[PDB]
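# Structure assessment
What follows is each chain in one-letter form.
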Amino acid sequence: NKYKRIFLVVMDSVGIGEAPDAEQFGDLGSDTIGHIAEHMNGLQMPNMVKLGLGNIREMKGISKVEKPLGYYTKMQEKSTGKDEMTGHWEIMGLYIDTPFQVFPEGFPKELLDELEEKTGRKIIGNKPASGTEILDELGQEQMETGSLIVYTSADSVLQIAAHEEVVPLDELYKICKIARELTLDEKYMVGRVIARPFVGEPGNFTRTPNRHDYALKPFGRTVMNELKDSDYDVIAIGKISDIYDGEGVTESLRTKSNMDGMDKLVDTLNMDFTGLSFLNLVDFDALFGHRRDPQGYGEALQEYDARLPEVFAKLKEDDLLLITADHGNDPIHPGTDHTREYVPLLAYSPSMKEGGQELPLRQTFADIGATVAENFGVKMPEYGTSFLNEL
Ligand SMILES: [Mn+2]
Ligand SMILES: [Mn+2]
Ligand SMILES: [Mn+2]
């Protein structure tokens, strides 16, 4: 092995400017990091700058350095969609023709009609909403009628809420399984169906930890699958295990925040493993990008950057750190959807004594997957070109 451990960090939604095909998606002008930097009157990310973020692209407060710690370039998404699954699945060596859909105006009547026909239940709601908002509005009617509250987020999900005393958990799970079957259809391709049971009285409803998720497996065996099958460790941190529906995962560490994500990364640095530690920092996307909150997004990026020196200190000569993103989600852009953007790529090992250089632009996110596979001597993915030898 060239490297014994690879630490892969997806800064979720942290895009570095509109991709060549951004027009198709209505994403002309999109620039996640750049617009955040302008909002902040300069972003304070000195550690990402030291790695060479500014060498990829100069933005307000983010300048190039003469000697970046590691190698740098950006990646272009090759798959059709810009959704949560597509980006991650491509990173791990796939190509995804069929995008997952989002539903800013709610689900098509055809889909909801079939769900009603199959379940014998009425559906109410059918809108994007937080768990709290939707229960405040509809919790009581749901309790009184035995209907189903169906709602969505800004991502590709169909959520079904029902009071635990009115709809038994096992019946709610059965319904979600029906909904999962109906949404494997490119007319309304849903990434994840989520059971959202709740308890309480009107004006005091709370969602319970009896949530169950119904996700799709990646459309192909991934580099994670190949690592696991070759007896390597694959440690998933945050939503990673969920994103891949556990495929190729040997250990999964739940996280509650970006700072907690960095704590778990540090935990894995302290573990003797051989293979991949794979972190998703999701706050950027979930709390700030979708909510179009550039101030909060900027603060989160500064908080993340300040955690990096400890990571640098713990990396060994045979460790490789890869930092990237999965799509954009520009907090100063119309609507609530992701933006089609290039993503940054930083590749650092303390064994890089002369520092790094610019890499050729990665024509698919799958170049990460290919690099990981080549490093560990496992079957190469169908897509992606390794940059291992460039490091
Ligand atoms: Mn757009
Ligand atoms: Mn994402
Ligand atoms: Mn998202």
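## Considerations on the coordination of the manganese ion (ligand 3)
Protein coordination of the manganese ion (ligand 3) is provided by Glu84 (OE), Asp155 (OD), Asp155 (OD), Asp285 (OD), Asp285 (OD), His290 (NE2) and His338 (NE2), with donor distances spanning 2.1 to 2.6 Å. Each donor residue of the manganese ion (ligand 3) belongs to the same chain, and together they define the spacing E-x70-D-x129-D-x4-H-x47-H. In this model, the manganese ion (ligand 3) sits 4.8 Å from the manganese ion (ligand 2), the two metals being bridged by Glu84. Taken together, the residues span a long stretch of sequence, with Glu84 in helix α4 (residues 84–91) and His290 in the loop between α11 (283–289) and α12 (294–314) at a distance of 206 residues. Here the two residues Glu84 and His290 agree in accessibility, since each one is buried.

## Thoughts on the coordination of the manganese ion (ligand 1)
Here the manganese ion (ligand 1) is held by the protein donor atoms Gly26 (O), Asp27 (OD) and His333 (NE2), which lie 2.2 to 2.5 Å from it. Here the donor residues of the manganese ion (ligand 1) share one chain and are spaced in sequence as G-D-x305-H. Taken together, the residues span a long stretch of sequence, with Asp27 in the loop between β1 (5–11) and α1 (32–39) and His333 in the loop between β12 (319–324) and β13 (343–348) at a distance of 306 residues.

## A closer look at the environment of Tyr342
Summarising the element assignment, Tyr342 is placed in the loop between β12 and β13. Each C-alpha atom of the pair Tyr342 and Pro99 lies 18 Å from the other, and the pair is 243 residues apart in sequence. Discounting chain neighbours no more than four positions away, the residues touching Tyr342 are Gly15, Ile16, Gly17, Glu18, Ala19, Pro20, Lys74, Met75, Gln76 and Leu361.

## Describing the packing of aromatic side chains
Summed over all chains, the structure comprises twelve aromatic pairs. Taking 5.5 Å as the distance between ring centres and 85° as the angle between the ring planes, the aromatic pair formed by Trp89 and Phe100 counts as edge-to-face. Of this pair, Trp89 sits in helix α4 while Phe100 sits in the loop between α4 and α5 (109–119), and the two are eleven residues apart along the sequence. By relative accessible area, which is 6% here, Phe100 ends up buried.

## Digging into the packing of α1 against α12
Axis separation between α1 and α12 bottoms out at 9 Å; the angle between their running directions is 100°. Between α1 and α12, the crossing angle belongs to the class labelled roughly perpendicular. Between α1, through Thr32, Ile36 and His39, and α12, the contact on the second element is made entirely by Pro294, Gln295, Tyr297, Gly298 and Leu301. The residue makeup of the contact of α1 with α12, split by class, is four nonpolar, four polar and no charged.

## Things to note about unusual backbone geometry
Of note, the phi angle at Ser13 is positive, near 80°, even though the residue is not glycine. Among the residues examined, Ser13 registers a relative accessible area of 0% and is labelled buried. A positive phi angle, near 55°, is found at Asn41, a position not held by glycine. Relative to the elements of secondary structure, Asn41 occurs in the loop between α1 and α2 (46–51). In this structure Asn41 comes out as exposed when scored by relative accessible area, which is 60%.

## Looking at the packing of helix α10 (residues 258–269) against α12
Between α10 and α12, the least distance of the axes is 10 Å, while the angle of their chain directions is 5°. Here α12 runs roughly parallel to α10, going by the angle between their axes. Across the interface between the two elements, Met259, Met262, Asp263, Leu265, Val266 and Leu269 from α10 touch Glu303, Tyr304, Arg307, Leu308, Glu310, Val311 and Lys314 from α12. For the contact of α10 with α12, a count of residues per class yields eight nonpolar, no polar and five charged.

## So, the UniProt feature "binding site: Mn(2+) 2" in the protein
Taken from the UniProt record, the annotation "binding site: Mn(2+) 2" applies to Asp285, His290 and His338. In terms of the greatest pairwise C-alpha distance, the residues named above, spread along 54 residues, form a tight cluster of at most 8.6 Å across. Its place among the elements puts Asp285 in helix α11. Beyond its immediate sequence surroundings of up to four residues, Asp285 is in contact with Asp12, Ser13, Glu84, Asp155, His290, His327, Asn329 and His338. Look at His290 and you get buried, because its relative accessible area is 9%. Apart from residues lying up to four places away in sequence, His290 is in contact with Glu84, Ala154, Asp155, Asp285, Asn329, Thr336 and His338.

## Remarks on the domain arrangement of the protein
Taken as a whole, the protein is organised into domain 1 (1–97 + 217–391) and domain 2 (98–216). Measuring from the centre of the C-alpha atoms in domain 1 to the corresponding centre in domain 2 gives 31 Å. Taken together, the contacts link 20 residues of domain 1 with twelve residues of domain 2. Carbon and sulfur atoms supply 57% of the area buried between domain 1 and domain 2, which totals about 1,200 Å² over both sides. Counting every contact that joins domain 1 to domain 2 gives zero salt bridges. Inspection of the domain 1/domain 2 interface yields four residue pairs in polar contact. Elements represented by at least two residues in the side of domain 1 that touches domain 2 include exactly α4 and α9 (240–243). It is α4 that provides the largest number of residues to the side of domain 1 that touches domain 2, a total of four residues.

Calculation criteria
- Residues numbered from 1 in each chain as written, not as in the entry; some residues may be left out.
- Chains lettered and ligands numbered in written order.
- Heavy atoms only, no water.
- Donors = N, O, S within 2.8 Å, 3.2 Å for Na, K, Ca; no water.
- Helix = DSSP H or I, 4+ residues; strand = E, 2+ residues; numbered from the N terminus.
- Buried < 20%, exposed > 50% of the residue type's maximum accessible area, 1.4 Å probe, protein only.
- Contact = heavy atoms within 4.5 Å.
- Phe/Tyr/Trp six-rings, centres within 6.5 Å; stacked < 30°, edge-to-face > 60°.
- Axes fitted to C-alpha atoms, helices over the stretch in contact; angles between N-to-C directions.
- Parallel < 35°, antiparallel > 145°, perpendicular 65-115°, else oblique.
- Nonpolar A, V, L, I, M, F, W, Y, C, P; charged D, E, K, R; others polar.
- UniProt positions renumbered as here; feature names shortened; annotations may be inferred.
- Domains from an automatic or database assignment.
- Buried area = accessible area lost by both parts, 1.4 Å probe.
- Salt bridge = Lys/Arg side-chain N within 4 Å of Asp/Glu carboxyl O.
- Polar contact = N/O pair within 3.5 Å; in protein donor to acceptor, adjacent residues only side chain to side chain.

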